[PDB]
Amino acid sequence: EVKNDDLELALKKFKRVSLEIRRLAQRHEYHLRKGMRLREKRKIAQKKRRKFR
Amino acid sequence: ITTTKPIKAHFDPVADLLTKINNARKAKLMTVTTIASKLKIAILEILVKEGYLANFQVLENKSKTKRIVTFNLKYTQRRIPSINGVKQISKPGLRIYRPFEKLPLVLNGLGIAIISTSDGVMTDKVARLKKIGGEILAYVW
Amino acid sequence: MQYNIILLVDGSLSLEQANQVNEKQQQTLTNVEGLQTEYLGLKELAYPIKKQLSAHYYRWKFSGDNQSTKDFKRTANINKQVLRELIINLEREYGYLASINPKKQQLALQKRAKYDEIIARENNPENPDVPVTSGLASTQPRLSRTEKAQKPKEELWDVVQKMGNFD
Amino acid sequence: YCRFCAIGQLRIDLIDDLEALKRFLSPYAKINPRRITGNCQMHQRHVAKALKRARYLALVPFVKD
Amino acid sequence: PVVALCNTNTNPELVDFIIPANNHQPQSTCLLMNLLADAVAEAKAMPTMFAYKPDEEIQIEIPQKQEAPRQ
Amino acid sequence: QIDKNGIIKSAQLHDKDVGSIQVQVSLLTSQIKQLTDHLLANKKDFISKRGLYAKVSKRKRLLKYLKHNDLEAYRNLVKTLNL
RNA sequence: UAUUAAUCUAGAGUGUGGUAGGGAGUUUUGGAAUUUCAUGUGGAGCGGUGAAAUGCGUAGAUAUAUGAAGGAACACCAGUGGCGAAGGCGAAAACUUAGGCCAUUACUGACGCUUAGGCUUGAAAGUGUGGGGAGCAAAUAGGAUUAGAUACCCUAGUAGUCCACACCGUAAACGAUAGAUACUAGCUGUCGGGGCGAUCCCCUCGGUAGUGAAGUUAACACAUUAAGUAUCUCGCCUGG
Ligand SMILES: [Zn+2]
């Protein structure tokens with residue numbers, strides 16, 4: 001995730017890199033069933049459908 | 001002529017004909033199609049001569065392979081059908097047989113039942129006239 | 001059925017011993033020949049494989065019976081100069097019907113669709129316009145005749161007009 | 001704009017358009033989704049298969065540029 | 001009784017006298033309303049502004065009538 | 001791996017009769033012969049076992065139908081080892 | 001209707017062309033991540049909780065870089081998606097192999113649906129034998145809160161989770177909706193085949209979803225993939 005030129009325009013983009021790293025890593029630190037894995041994956045997929053379109 | 005559509009027959013002829021009539025009546029349809037059979041042809045003939053439906057035409061392809069019959073249902077200028085309720089008594093595995101003296105009367109004679117005794121399909125009142133009983137096809141009123 | 005194979009070799013080594021390795025591997029295959037030996041030269045690896053940082057990408061294009069793989073597969077792993085042994089077979093996702101191959105017309109017309117060398121580049125590829133030749137070539141007919149002409153009737157209408165008149 | 005369907009590519013093998021496949025690869029060596037690639041469902045599966053198969057051949061990185 | 005400008009999306013089983021005209025567009029609703037108004041007016045002896053009157057007339061001022069599709 | 005075209009010429013009765021009962025049961029016997037070897041090779045191929053059962057049941061049903069219409073029809077068809 | 005003697009193809013199958021799919025089994029291959037160990041760099045904490053403590057640490061941990069070994073699962077692609085009869089199927093390859101859809105001027109000519117008994121498959125847990133054991137974790141030990149805590153929390157922690165051959169045959173094995181067939185408004189998507197053809201969009205035949213009238217239902221609701229109009233067959237219910 002290397003990107004930086006002078007001071008801050010890369011830092012403003014660092015926030016986006018981290019948030020998504022945090023979201024993806026947060027589901028590899030607690031264990032739950034595969035069925036729940038798929039259920040929460042589909043629930044998250046509905047969320048993108050509601051706002052990002 | 002030029003039906004440009006594939007049509008097939010459901011199952012035993014008695015049940016196949018009634019369901020089309022009932023569904024067309026409920027959905028306000030006017031024209032339907034089905035495969036032809038001499039029992040179905042005769043029952044459609046007796047039905048039209050009992051004044052329950054319009055034209056039927058039995059259609060054959062440019063060969064002696066398939067025969068189909070299409071029949072229009074009687075309606076009114078105010079769009080109310082003549083057919084009120086159809087119910088078949090004969091049934092595969094439940095062949096019903098009543099003698100002449102136990103010949104039913106559909107809704108006090110208002111309706112018409114199809115009773116093919118010995119001379120093809122044949123109405124209940126003319127059955128009493130000929131005092132011969134046999135197969136009971138379906139109640140129509 | 002068609003076959004394709006990609007070879008990974010020991011990097012910094014030169015080209016003639018790579019051809020010698022090719023020739024050695026040629027006999028390793030079974031009685032299936034009629035293959036080309038065009039190669040992709042030397043390309044830098046995206047990541048280290050065992051210890052090397054580069055290698056040569058090579059290719060076979062033979063076709064024959066299913067026995068062609070077993071001996072080459074078992075001798076590729078043991079050899080110290082062979083790194084990867086991908087075996088492409090016809091089971092890839094493809095279709096090359098002779099009637100669908102002549103889509104080069106799509107290439108030529110798409111080239112025009114990308115021609116925007118002038119200032120007036122108002123054309124946009126993602127823009128419907130609804131042209132159509134519309135050659136139907138599909139009716140699905142079923143001829144029919146008449147056999148029984150029971151009591152005819154005429155047509156009518158179902159136009160509704162209630163109550164007729166007020167008073 | 002599935003430019004594979006627009007051009008009628010009709011076939012994807014490893015070494016004929018590898019530079020084109022690298023565009024579908026995100027900078028962080030990750031397979032981009034539909035919202036960025038623009039490919040159709042059928043072609044996206046083909047692209048995923050080809051990219052993974054190339055990953056087996058070490059033509060493209062895994063966790064870095 | 002009730003008469004309605006039964007556009008193609010209504011249910012005709014309710015309206016008694018069906019008038020399959022256009023009402024979303026401005027030019028047609030005013031036109032047919034004016035014919036009905038003159039129809040009831042002529043029965044009152046009054047003059048008919050837009051009905052039975054012939055040509056080079058029935059030309060109504062138009063918030064222009066174009067663009068049928070809606071989103 | 002099945003030699004489907006060749007096996008037709010054996011039990012075929014006319015020039016262009018490919019859907020007859022005899023050719024169908026011949027193909028089913030060939031399929032059973034291949035799939036039995038495939039199954040004994042891989043004892044835990046359950047879907048292949050279901051396919052084998054379906055094919056053998058279809059073969060039995062077609063043989064039973066053939067034995068009903070004409071007894072003499074398959075006197076020459078029993079050349080294949082059955083029963 | 002049933003029997004028998006026959007003809008036809010529209011039912012259902014076979015062949016030809018087109019064609020999609022994480023369908024299944026066997027054998028090999030790969031990278032991240034964790035753990036352990038080895039080599040340095042460095043000096044006092046690490047760890048964990050609402051808060052702390054058992055635990056680890058000057059006999060050098062956490063951190064950081066390199067390397068090796070080992071086992072397990074295959075981010076992103078991944079979606080109002082695909083396949084399978086159900087359970088389920090998602091890193092890559094090879095071999096074997098199953099079923100499905102579209103068009104058929106081809107062929108057999110009713111060979112079709114259902115299925116008591118039977119046979120096959122059937123999540124996880126569990127059991128027998130031989131291996132394997134990185135992570136996790138019933139039982140168990142200790143530290144916390146509580147009046148009690150044998151629980152929720154924390155630190156250790158075996159069987160097991162993994163593989164080879166068998167056994168067990170149960171689950172909310174759910175669409176709480178048995179299978180087969182004919183008919184019954186429409187609209188919005190999406191996936192595959194076909195024709196037309198730069199995609200987008202045109203439409204045809206199919207699979208998978210949402211909205212929605214007559215119709216059904218006690219209501220919720222179903223509504224062309226029915227819980228609608230009807231038939232055939234099986235299984236099942238008769239208060240707690
Ligand atoms: Zn595409």
Hey, among B:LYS28, B:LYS38, B:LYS66, B:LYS62, which residue is surrounded by fewer than 19 Cβ atoms within 10 Å (Cβ to Cβ) and within 20 Å of C:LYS151 (Cβ to Cβ)? B:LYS38
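Of the residues that sit in the range B:78-87 and are in contact (Cβ under 8 Å) with a residue 40 or more places away in the chain and either buried (at least 17 other Cβ atoms within 10 Å of the Cβ) or part of a loop (DSSP other than H, G, I, E, B) (or both), which one is nearest to the other protein chains (Cβ to nearest Cβ)?
So in the range B:78-87, the residues in contact (Cβ under 8 Å) with a residue 40 or more places away in the chain come out as B:79, B:81, B:83-87.
Of the ones still in play, those that are also either buried (at least 17 other Cβ atoms within 10 Å of the Cβ) or part of a loop (DSSP other than H, G, I, E, B) (or both) are B:79, B:81, B:83-86.
On the way: B:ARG79: 5, B:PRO81: 12, B:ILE83: 16, B:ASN84: 20, B:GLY85: 23, B:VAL86: 20 Å.
Going through the qualifying residues, I end up with B:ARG79.
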Filter the range F:51-83 down to residues that are more than 16 Å from the chain's Cα centre (by Cα) and under 21 Å from F:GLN1 (Cβ atoms), then give me how many there are. 0
Touching a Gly at 6+ places or on another chain (Cβ under 9 Å) and closer than 30 Å to C:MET1 by Cα: is that true of F:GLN31 in this structure? yes
Can you tell me which residue among B:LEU129, B:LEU94, B:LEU103, B:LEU107 is among the aliphatic types (A, V, I, L, M), out of contact with any strand residue (DSSP E or B) (no Cβ under 6 Å at 6 or more places or on another chain) and on the phi > 0 side of the Ramachandran plot? B:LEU107
For the range D:1-19, which residues satisfy the criterion of being within 21 Å of C:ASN4 (Cβ to Cβ) and in contact with an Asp or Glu (Cβ under 9 Å, 6 or more places away or on another chain)? D:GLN9, D:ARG11, D:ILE12
F:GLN22 is checked against (1) surrounded by 12 or more Cβ atoms within 10 Å (Cβ to Cβ); (2) of a type in the set (S, T, N, Q); (3) out of contact with any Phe, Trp or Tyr (no Cβ under 9 Å at 6 or more places or on another chain) and fails just one. What number does that condition carry? (3)
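Name every residue in the range A:1-50 that is away from RNA strand G (no atom under 12 Å from the Cβ), within 14 Å of another protein chain (Cβ to nearest Cβ), under 15 Å from the mean Cα position of the chain (by Cα) and assigned to a helix (DSSP H, G or I), in order of residue number. Outline the logic, then answer.
Quick first cut of the range A:1-50, residues away from RNA strand G (no atom under 12 Å from the Cβ) only: A:1-19, A:22, A:36.
When the remaining residues are screened for being within 14 Å of another protein chain (Cβ to nearest Cβ), the result is A:1-4, A:10, A:13-14, A:16-18.
Within this subset, residues satisfying the condition of being under 15 Å from the mean Cα position of the chain (by Cα) are A:1, A:13-14, A:16-18.
Selection gives A:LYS13, A:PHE14, A:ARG16, A:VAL17, A:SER18.
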Can you name the number of the only condition in (1) near the ligand (Cβ under 10 Å from one of its atoms); (2) under 27 Å from A:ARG49 (Cα atoms); (3) crowded, with 16+ Cβ neighbours inside 10 Å that D:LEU25 fails? (1)
Hey, any hits in the range E:25-35 for a residue that's away from chain C (no Cβ under 14 Å), among the hydrophobic types (A, V, I, L, M, F, W, C), closer than 22 Å to C:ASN165 by Cβ and outside any helix (DSSP H, G or I)? no
Go through (1) under 26 Å from C:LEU90 (Cβ atoms); (2) within 11 Å of another protein chain (Cβ to nearest Cβ); (3) near RNA strand G (Cβ under 6 Å from one of its atoms); (4) in contact (Cβ under 8 Å) with a residue 24 or more places away in the chain for D:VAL63 and report which single condition fails. (1)
From the list B:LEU44, B:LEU53, which residue is within 13 Å of the chain's Cα centre (by Cα), more than 7 Å from RNA strand G (Cβ to nearest atom) and farther than 18 Å from B:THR76 by Cα? B:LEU44
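Which of the strands (runs of 3 or more DSSP E) found entirely inside the range B:1-77 contain at least 1 residues meeting this: at the interface with another protein chain (Cβ under 9 Å from one of its Cβ atoms) and basic (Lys, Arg)?
Numbers: elements: B:31-35, B:53-60, B:67-73.
Where strands (runs of 3 or more DSSP E) fall fully within the range B:1-77 and carry at least 1 residues being at the interface with another protein chain (Cβ under 9 Å from one of its Cβ atoms) and basic (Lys, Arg), they are B:67-73.
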Would you check if C:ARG142 is closer than 30 Å to B:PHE71 by Cα and part of a loop (DSSP other than H, G, I, E, B)? yes
Can you run down the residue pairs with Cβ atoms below 9 Å, 6 or more apart or on separate chains, where the first is in the range D:29-53 and hydroxyl-bearing (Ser, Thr, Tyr) and the partner is more than 13 Å from the ligand (Cβ to nearest atom) and not in a helix (DSSP H, G or I)? D:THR37/D:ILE31
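Scanning for something under 20 Å from C:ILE88 (Cα atoms), of a type in the set (A, V, I, L, M, F, W, C), within 10 Å of the ligand (Cβ to nearest atom) and surrounded by 14 or more Cβ atoms within 10 Å (Cβ to Cβ), does the range D:31-43 turn up at least one residue?
Going residue by residue through the range D:31-43, those that are under 20 Å from C:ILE88 (Cα atoms) are D:43.
If we keep only those that are of a type in the set (A, V, I, L, M, F, W, C) as well, we get none.
No, the range D:31-43 contains no residue that is under 20 Å from C:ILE88 (Cα atoms), of a type in the set (A, V, I, L, M, F, W, C), within 10 Å of the ligand (Cβ to nearest atom) and surrounded by 14 or more Cβ atoms within 10 Å (Cβ to Cβ).
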When only residues in the range B:88-140 that are in a helix (DSSP H, G or I) and in contact with a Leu (Cβ under 8 Å, 6 or more places away or on another chain) count, which is surrounded by the fewest Cβ atoms within 10 Å (Cβ to Cβ)? B:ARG128
Does D:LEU57 satisfy the condition of being out of contact with any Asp or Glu (no Cβ under 9 Å at 6 or more places or on another chain) and either under 19 Å from C:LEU45 (Cα atoms) or away from the ligand (no atom under 14 Å from the Cβ) (or both)? yes
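When we count neighbours, we look across all protein chains shown, and the Cβ atoms used for this are built from the backbone with ideal geometry, even at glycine. Read-outs: derived from the displayed coordinates by stated rules, not from any lab.
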